[PDB]
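Here is the file final.pdb (PDB, C-alpha atoms and all ligand atoms).
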```pdb
ATOM      1  CA  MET A 113     -10.658 -14.008 -13.093  1.00  0.00           C
ATOM      2  CA  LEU A 114      -8.073 -15.807 -15.245  1.00  0.00           C
ATOM      3  CA  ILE A 115      -8.054 -18.148 -18.256  1.00  0.00           C
ATOM      4  CA  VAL A 116      -7.120 -21.763 -17.508  1.00  0.00           C
ATOM      5  CA  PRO A 117      -4.634 -23.197 -18.311  1.00  0.00           C
ATOM      6  CA  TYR A 118      -2.725 -20.229 -16.920  1.00  0.00           C
ATOM      7  CA  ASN A 119       0.999 -19.578 -17.105  1.00  0.00           C
ATOM      8  CA  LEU A 120       2.593 -17.607 -14.290  1.00  0.00           C
ATOM      9  CA  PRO A 121       6.174 -16.622 -15.139  1.00  0.00           C
ATOM     10  CA  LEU A 122       8.593 -16.952 -12.219  1.00  0.00           C
ATOM     11  CA  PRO A 123      11.346 -14.500 -13.178  1.00  0.00           C
ATOM     12  CA  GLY A 124      14.788 -15.901 -12.425  1.00  0.00           C
ATOM     13  CA  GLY A 125      13.215 -19.094 -11.143  1.00  0.00           C
ATOM     14  CA  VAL A 126      12.286 -19.956  -7.592  1.00  0.00           C
ATOM     15  CA  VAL A 127      14.304 -19.410  -4.454  1.00  0.00           C
ATOM     16  CA  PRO A 128      13.780 -20.134  -0.780  1.00  0.00           C
ATOM     17  CA  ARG A 129      11.321 -17.720   0.894  1.00  0.00           C
ATOM     18  CA  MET A 130       9.320 -17.366  -2.315  1.00  0.00           C
ATOM     19  CA  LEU A 131       5.604 -17.857  -1.616  1.00  0.00           C
ATOM     20  CA  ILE A 132       3.190 -18.608  -4.450  1.00  0.00           C
ATOM     21  CA  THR A 133      -0.535 -18.127  -3.768  1.00  0.00           C
ATOM     22  CA  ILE A 134      -3.307 -19.524  -5.950  1.00  0.00           C
ATOM     23  CA  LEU A 135      -6.963 -18.645  -5.346  1.00  0.00           C
ATOM     24  CA  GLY A 136      -9.792 -20.331  -7.171  1.00  0.00           C
ATOM     25  CA  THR A 137     -12.935 -22.400  -6.929  1.00  0.00           C
ATOM     26  CA  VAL A 138     -13.235 -26.053  -7.865  1.00  0.00           C
ATOM     27  CA  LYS A 139     -15.813 -26.683 -10.585  1.00  0.00           C
ATOM     28  CA  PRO A 140     -18.741 -28.930  -9.760  1.00  0.00           C
ATOM     29  CA  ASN A 141     -17.967 -32.505 -10.818  1.00  0.00           C
ATOM     30  CA  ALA A 142     -14.246 -31.724 -11.053  1.00  0.00           C
ATOM     31  CA  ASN A 143     -11.932 -34.530 -12.116  1.00  0.00           C
ATOM     32  CA  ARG A 144      -8.498 -32.932 -11.657  1.00  0.00           C
ATOM     33  CA  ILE A 145      -6.390 -29.911 -10.761  1.00  0.00           C
ATOM     34  CA  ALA A 146      -2.722 -29.490 -11.665  1.00  0.00           C
ATOM     35  CA  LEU A 147       0.122 -27.174 -10.727  1.00  0.00           C
ATOM     36  CA  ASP A 148       3.229 -27.665 -12.863  1.00  0.00           C
ATOM     37  CA  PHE A 149       6.428 -25.903 -11.834  1.00  0.00           C
ATOM     38  CA  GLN A 150       8.477 -26.118 -15.012  1.00  0.00           C
ATOM     39  CA  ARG A 151      12.139 -25.995 -15.945  1.00  0.00           C
ATOM     40  CA  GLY A 152      11.814 -25.746 -19.709  1.00  0.00           C
ATOM     41  CA  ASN A 153      10.112 -28.956 -20.817  1.00  0.00           C
ATOM     42  CA  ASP A 154      10.843 -30.618 -17.472  1.00  0.00           C
ATOM     43  CA  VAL A 155       8.354 -30.485 -14.625  1.00  0.00           C
ATOM     44  CA  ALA A 156      10.216 -29.918 -11.382  1.00  0.00           C
ATOM     45  CA  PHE A 157       7.091 -30.234  -9.250  1.00  0.00           C
ATOM     46  CA  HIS A 158       3.726 -31.551 -10.434  1.00  0.00           C
ATOM     47  CA  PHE A 159       0.944 -31.231  -7.831  1.00  0.00           C
ATOM     48  CA  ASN A 160      -2.121 -33.105  -9.040  1.00  0.00           C
ATOM     49  CA  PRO A 161      -5.320 -33.508  -7.006  1.00  0.00           C
ATOM     50  CA  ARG A 162      -7.386 -36.285  -8.581  1.00  0.00           C
ATOM     51  CA  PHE A 163     -11.056 -36.330  -7.609  1.00  0.00           C
ATOM     52  CA  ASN A 164     -11.908 -39.780  -8.959  1.00  0.00           C
ATOM     53  CA  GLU A 165      -9.128 -42.312  -9.224  1.00  0.00           C
ATOM     54  CA  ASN A 166     -10.968 -45.599  -8.813  1.00  0.00           C
ATOM     55  CA  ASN A 167     -13.579 -43.720  -6.761  1.00  0.00           C
ATOM     56  CA  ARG A 168     -10.961 -42.306  -4.399  1.00  0.00           C
ATOM     57  CA  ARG A 169      -9.604 -38.791  -4.002  1.00  0.00           C
ATOM     58  CA  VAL A 170      -5.834 -38.497  -3.942  1.00  0.00           C
ATOM     59  CA  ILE A 171      -3.101 -35.954  -4.551  1.00  0.00           C
ATOM     60  CA  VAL A 172      -0.327 -37.173  -6.825  1.00  0.00           C
ATOM     61  CA  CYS A 173       3.033 -35.391  -6.857  1.00  0.00           C
ATOM     62  CA  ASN A 174       5.877 -36.102  -9.255  1.00  0.00           C
ATOM     63  CA  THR A 175       8.684 -34.814 -11.472  1.00  0.00           C
ATOM     64  CA  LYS A 176       9.008 -35.155 -15.256  1.00  0.00           C
ATOM     65  CA  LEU A 177      12.529 -35.348 -16.709  1.00  0.00           C
ATOM     66  CA  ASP A 178      13.239 -35.725 -20.432  1.00  0.00           C
ATOM     67  CA  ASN A 179       9.540 -36.486 -20.918  1.00  0.00           C
ATOM     68  CA  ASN A 180       9.546 -39.301 -18.316  1.00  0.00           C
ATOM     69  CA  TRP A 181       7.533 -39.229 -15.097  1.00  0.00           C
ATOM     70  CA  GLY A 182       9.400 -40.421 -12.012  1.00  0.00           C
ATOM     71  CA  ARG A 183       8.307 -42.036  -8.755  1.00  0.00           C
ATOM     72  CA  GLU A 184       4.963 -40.648  -7.598  1.00  0.00           C
ATOM     73  CA  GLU A 185       4.482 -39.360  -4.072  1.00  0.00           C
ATOM     74  CA  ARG A 186       0.928 -39.855  -2.832  1.00  0.00           C
ATOM     75  CA  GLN A 187      -1.157 -37.917  -0.239  1.00  0.00           C
ATOM     76  CA  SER A 188      -4.603 -39.180   0.717  1.00  0.00           C
ATOM     77  CA  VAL A 189      -5.356 -36.113   2.811  1.00  0.00           C
ATOM     78  CA  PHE A 190      -7.533 -34.277   0.319  1.00  0.00           C
ATOM     79  CA  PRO A 191      -8.655 -30.762   1.309  1.00  0.00           C
ATOM     80  CA  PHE A 192     -10.373 -29.818  -1.964  1.00  0.00           C
ATOM     81  CA  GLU A 193     -14.114 -30.113  -2.500  1.00  0.00           C
ATOM     82  CA  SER A 194     -16.034 -29.844  -5.736  1.00  0.00           C
ATOM     83  CA  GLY A 195     -17.831 -26.520  -5.984  1.00  0.00           C
ATOM     84  CA  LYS A 196     -15.852 -24.810  -3.209  1.00  0.00           C
ATOM     85  CA  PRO A 197     -13.280 -21.976  -3.080  1.00  0.00           C
ATOM     86  CA  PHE A 198      -9.710 -22.822  -2.136  1.00  0.00           C
ATOM     87  CA  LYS A 199      -6.356 -21.225  -1.484  1.00  0.00           C
ATOM     88  CA  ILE A 200      -3.128 -23.042  -2.317  1.00  0.00           C
ATOM     89  CA  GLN A 201       0.087 -21.632  -0.887  1.00  0.00           C
ATOM     90  CA  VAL A 202       3.386 -23.055  -2.072  1.00  0.00           C
ATOM     91  CA  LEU A 203       6.367 -21.905  -0.039  1.00  0.00           C
ATOM     92  CA  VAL A 204       9.771 -22.675  -1.468  1.00  0.00           C
ATOM     93  CA  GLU A 205      12.104 -23.871   1.280  1.00  0.00           C
ATOM     94  CA  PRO A 206      15.751 -24.874   0.957  1.00  0.00           C
ATOM     95  CA  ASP A 207      15.030 -28.657   0.690  1.00  0.00           C
ATOM     96  CA  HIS A 208      11.406 -28.804  -0.445  1.00  0.00           C
ATOM     97  CA  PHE A 209       8.278 -27.142  -1.725  1.00  0.00           C
ATOM     98  CA  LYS A 210       5.918 -26.755   1.251  1.00  0.00           C
ATOM     99  CA  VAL A 211       2.204 -26.765   0.371  1.00  0.00           C
ATOM    100  CA  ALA A 212      -0.685 -25.508   2.498  1.00  0.00           C
ATOM    101  CA  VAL A 213      -4.332 -25.492   1.431  1.00  0.00           C
ATOM    102  CA  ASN A 214      -6.874 -23.225   3.116  1.00  0.00           C
ATOM    103  CA  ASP A 215      -4.191 -22.268   5.669  1.00  0.00           C
ATOM    104  CA  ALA A 216      -3.527 -25.883   6.720  1.00  0.00           C
ATOM    105  CA  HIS A 217      -0.242 -27.626   5.978  1.00  0.00           C
ATOM    106  CA  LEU A 218      -0.807 -30.385   3.427  1.00  0.00           C
ATOM    107  CA  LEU A 219       2.512 -31.797   2.199  1.00  0.00           C
ATOM    108  CA  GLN A 220       6.141 -31.224   1.335  1.00  0.00           C
ATOM    109  CA  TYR A 221       7.965 -32.283  -1.817  1.00  0.00           C
ATOM    110  CA  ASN A 222      11.740 -32.659  -1.748  1.00  0.00           C
ATOM    111  CA  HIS A 223      13.615 -30.895  -4.540  1.00  0.00           C
ATOM    112  CA  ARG A 224      14.547 -33.369  -7.261  1.00  0.00           C
ATOM    113  CA  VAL A 225      15.338 -30.591  -9.720  1.00  0.00           C
ATOM    114  CA  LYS A 226      18.226 -28.765  -8.043  1.00  0.00           C
ATOM    115  CA  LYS A 227      18.569 -25.760 -10.329  1.00  0.00           C
ATOM    116  CA  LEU A 228      15.891 -23.718  -8.583  1.00  0.00           C
ATOM    117  CA  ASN A 229      16.735 -20.566 -10.527  1.00  0.00           C
ATOM    118  CA  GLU A 230      15.750 -22.360 -13.756  1.00  0.00           C
ATOM    119  CA  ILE A 231      12.243 -23.329 -12.566  1.00  0.00           C
ATOM    120  CA  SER A 232      10.849 -20.267 -14.279  1.00  0.00           C
ATOM    121  CA  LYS A 233       7.191 -21.029 -15.032  1.00  0.00           C
ATOM    122  CA  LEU A 234       4.135 -22.238 -13.137  1.00  0.00           C
ATOM    123  CA  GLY A 235       1.315 -23.772 -15.149  1.00  0.00           C
ATOM    124  CA  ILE A 236      -2.096 -23.922 -13.490  1.00  0.00           C
ATOM    125  CA  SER A 237      -4.670 -26.188 -15.100  1.00  0.00           C
ATOM    126  CA  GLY A 238      -7.691 -28.363 -14.487  1.00  0.00           C
ATOM    127  CA  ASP A 239     -11.269 -28.116 -13.391  1.00  0.00           C
ATOM    128  CA  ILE A 240     -11.225 -24.772 -11.628  1.00  0.00           C
ATOM    129  CA  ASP A 241     -12.294 -21.192 -11.907  1.00  0.00           C
ATOM    130  CA  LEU A 242      -9.014 -19.396 -11.312  1.00  0.00           C
ATOM    131  CA  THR A 243      -9.306 -16.133  -9.395  1.00  0.00           C
ATOM    132  CA  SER A 244      -5.682 -15.140  -8.897  1.00  0.00           C
ATOM    133  CA  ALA A 245      -2.119 -16.415  -9.057  1.00  0.00           C
ATOM    134  CA  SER A 246       0.756 -14.441  -7.585  1.00  0.00           C
ATOM    135  CA  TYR A 247       3.992 -14.586  -5.634  1.00  0.00           C
ATOM    136  CA  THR A 248       5.836 -12.654  -2.959  1.00  0.00           C
ATOM    137  CA  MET A 249       8.967 -12.982  -0.819  1.00  0.00           C
ATOM    138  CA  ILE A 250       8.477 -13.627   2.892  1.00  0.00           C
TER     139      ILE A 250
HETATM  140  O1  LIG B 301       2.905 -39.222 -12.139  1.00  0.00           O
HETATM  141  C1  LIG B 301       2.152 -38.076 -12.460  1.00  0.00           C
HETATM  142  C2  LIG B 301       1.604 -38.165 -13.877  1.00  0.00           C
HETATM  143  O2  LIG B 301       0.815 -39.361 -13.923  1.00  0.00           O
HETATM  144  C3  LIG B 301       0.426 -39.683 -15.231  1.00  0.00           C
HETATM  145  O3  LIG B 301      -0.254 -40.948 -15.223  1.00  0.00           O
HETATM  146  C4  LIG B 301       0.182 -41.836 -16.260  1.00  0.00           C
HETATM  147  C5  LIG B 301      -0.944 -42.812 -16.534  1.00  0.00           C
HETATM  148  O4  LIG B 301      -2.080 -42.049 -16.910  1.00  0.00           O
HETATM  149  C6  LIG B 301      -1.227 -43.641 -15.259  1.00  0.00           C
HETATM  150  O5  LIG B 301      -2.136 -44.665 -15.630  1.00  0.00           O
HETATM  151  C7  LIG B 301       0.064 -44.244 -14.612  1.00  0.00           C
HETATM  152  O6  LIG B 301      -0.188 -44.668 -13.301  1.00  0.00           O
HETATM  153  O7  LIG B 301       1.119 -43.294 -14.572  1.00  0.00           O
HETATM  154  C8  LIG B 301       1.381 -42.695 -15.841  1.00  0.00           C
HETATM  155  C9  LIG B 301       2.757 -42.011 -15.728  1.00  0.00           C
HETATM  156  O8  LIG B 301       3.132 -41.810 -14.378  1.00  0.00           O
HETATM  157  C10 LIG B 301      -0.488 -38.564 -15.764  1.00  0.00           C
HETATM  158  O9  LIG B 301      -0.869 -38.802 -17.113  1.00  0.00           O
HETATM  159  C11 LIG B 301       0.241 -37.213 -15.725  1.00  0.00           C
HETATM  160  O10 LIG B 301      -0.625 -36.129 -16.059  1.00  0.00           O
HETATM  161  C12 LIG B 301       0.786 -36.955 -14.321  1.00  0.00           C
HETATM  162  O11 LIG B 301      -0.279 -36.716 -13.399  1.00  0.00           O
END
```

Represent the supplied structure as structure tokens.
Ligand SMILES: OC[C@H]1O[C@@H](O[C@@H]2[C@H](O)[C@@H](O)[C@H](O)O[C@@H]2CO)[C@H](O)[C@@H](O)[C@H]1O
Amino acid sequence: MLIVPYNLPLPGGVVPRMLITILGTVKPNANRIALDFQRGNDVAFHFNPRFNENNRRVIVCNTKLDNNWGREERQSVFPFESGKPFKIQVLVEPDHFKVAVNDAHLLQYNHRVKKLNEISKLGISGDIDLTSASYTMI
């Protein structure tokens, strides 16, 4: 049980083989979830399930640099369901963040922010009950 929005420090930033695991349950009538891997004020990797964008469900991924959002990458495969427990695993690989939900590969996001060791915080927000947020090296 954790308070949302939740900040998970990532000491010394991220590095390949680092696995971040988030467990929670989507609230009924959820509108959004967001993971924000941050480098100071910049967002290296924004992972944003949207439950009702023009009556469609979509995951939007992007990067924010100097307060400007870049080119969105959109995934219509949408494994989250209102009211249900989920597990998000984010594995840092040399060229991308690799995301699996409920043990199924979902998407990859190529590193736009190159200074991995400066991506030192993960913000977790949105319409969830957050159970746990942790990391380990695999
Ligand atoms: O790109 C991720 C980013 O999207 C933002 O959406 C705003 C605006 O609300 C939309 O109407 C428009 O399509 O895009 C802009 C900027 O990209 C949203 O506000 C942020 O929270 C992020 O999800």

Name the residues in contact with segment 240-250 of chain A at a cut-off of 7 Å, using all atoms listed in the file, excluding same-chain residues fewer than 3 positions from it; report them as an NGL selection string. :A and (113-114 or 116 or 129-139)

Taking all atoms listed in the file into account, which residues have an atom no farther than 12 Å from ligand LIG 301 (chain B)? I'd like them as a CSV table (one decimal) with C-alpha atoms, in the frame of the given file.
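Saved the output as pocket32.csv:
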```csv
chain,number,residue,atom,x,y,z
A,143,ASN,CA,-11.9,-34.5,-12.1
A,144,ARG,CA,-8.5,-32.9,-11.7
A,145,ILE,CA,-6.4,-29.9,-10.8
A,146,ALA,CA,-2.7,-29.5,-11.7
A,147,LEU,CA,0.1,-27.2,-10.7
A,148,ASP,CA,3.2,-27.7,-12.9
A,155,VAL,CA,8.4,-30.5,-14.6
A,156,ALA,CA,10.2,-29.9,-11.4
A,157,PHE,CA,7.1,-30.2,-9.2
A,158,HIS,CA,3.7,-31.6,-10.4
A,159,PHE,CA,0.9,-31.2,-7.8
A,160,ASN,CA,-2.1,-33.1,-9.0
A,161,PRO,CA,-5.3,-33.5,-7.0
A,162,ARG,CA,-7.4,-36.3,-8.6
A,165,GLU,CA,-9.1,-42.3,-9.2
A,166,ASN,CA,-11.0,-45.6,-8.8
A,170,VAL,CA,-5.8,-38.5,-3.9
A,171,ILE,CA,-3.1,-36.0,-4.6
A,172,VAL,CA,-0.3,-37.2,-6.8
A,173,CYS,CA,3.0,-35.4,-6.9
A,174,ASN,CA,5.9,-36.1,-9.3
A,175,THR,CA,8.7,-34.8,-11.5
A,176,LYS,CA,9.0,-35.2,-15.3
A,177,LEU,CA,12.5,-35.3,-16.7
A,179,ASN,CA,9.5,-36.5,-20.9
A,180,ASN,CA,9.5,-39.3,-18.3
A,181,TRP,CA,7.5,-39.2,-15.1
A,182,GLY,CA,9.4,-40.4,-12.0
A,183,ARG,CA,8.3,-42.0,-8.8
A,184,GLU,CA,5.0,-40.6,-7.6
A,185,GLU,CA,4.5,-39.4,-4.1
A,186,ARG,CA,0.9,-39.9,-2.8
A,237,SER,CA,-4.7,-26.2,-15.1
A,238,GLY,CA,-7.7,-28.4,-14.5
```

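Atom pair atom CA of residue 231 of chain A / atom CA of residue 119 of chain A: separated by 12.7 Å.
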
Between A:222, A:194, A:201, A:229, which one has atoms that come closest to residue 151 of chain A, using only C-alpha atoms? A:229

Written as a list in words, what is the full residue list that the PyMOL selection byres (((chain A and resi 192) around 9) and not hetatm) yields on the file shown?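 Taken on the displayed file, the PyMOL selection byres (((chain A and resi 192) around 9) and not hetatm) yields the residues residues 138, 161, 163, 190, 191, 193, 194, 196, 197, 198 and 213 of chain A.
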
Go ahead and save the residues from that selection, with C-alpha atoms, as a CSV table (one decimal), in the coordinates of the input.
```csv
chain,number,residue,atom,x,y,z
A,138,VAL,CA,-13.2,-26.1,-7.9
A,161,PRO,CA,-5.3,-33.5,-7.0
A,163,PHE,CA,-11.1,-36.3,-7.6
A,190,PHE,CA,-7.5,-34.3,0.3
A,191,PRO,CA,-8.7,-30.8,1.3
A,193,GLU,CA,-14.1,-30.1,-2.5
A,194,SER,CA,-16.0,-29.8,-5.7
A,196,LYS,CA,-15.9,-24.8,-3.2
A,197,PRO,CA,-13.3,-22.0,-3.1
A,198,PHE,CA,-9.7,-22.8,-2.1
A,213,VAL,CA,-4.3,-25.5,1.4
```

Please, what distance in Å, to one decimal, runs between atom CA of residue 126 of chain A and atom CA of residue 219 of chain A? 18.2 Å

Figure out the distance between atom CA of residue 142 of chain A and atom CA of residue 208 of chain A, please, to one decimal in Å. 27.9 Å

Under the rule that all atoms listed in the file are counted, which of A:128, A:239, A:215, A:168 is the nearest residue to residue 203 of chain A? A:128

Just need the box for segment 178-181 of chain A, edges along x, y and z, holding every atom the file lists for it with 6 Å tacked onto each side, so centre and edge lengths in Å to one decimal, as lines of an AutoDock Vina configuration file.
```
center_x = 10.4
center_y = -37.5
center_z = -18.0
size_x = 17.7
size_y = 15.6
size_z = 17.8
```

Mind telling me what the PyMOL selection byres (((chain A and resi 209) around 8) and not hetatm) catches here, as a ChimeraX atom specification? /A:202-205,207-208,210-211,220-223

Would you please work out which residue, of A:140, A:188, A:125, A:169, is nearest to residue 225 of chain A when using only C-alpha atoms? A:125

Using only C-alpha atoms, pick whichever of A:206, A:199, A:141, A:187 has the shortest atom-to-atom distance to residue 227 of chain A.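 Using only C-alpha atoms, residue 227 of chain A sits closest to A:206.
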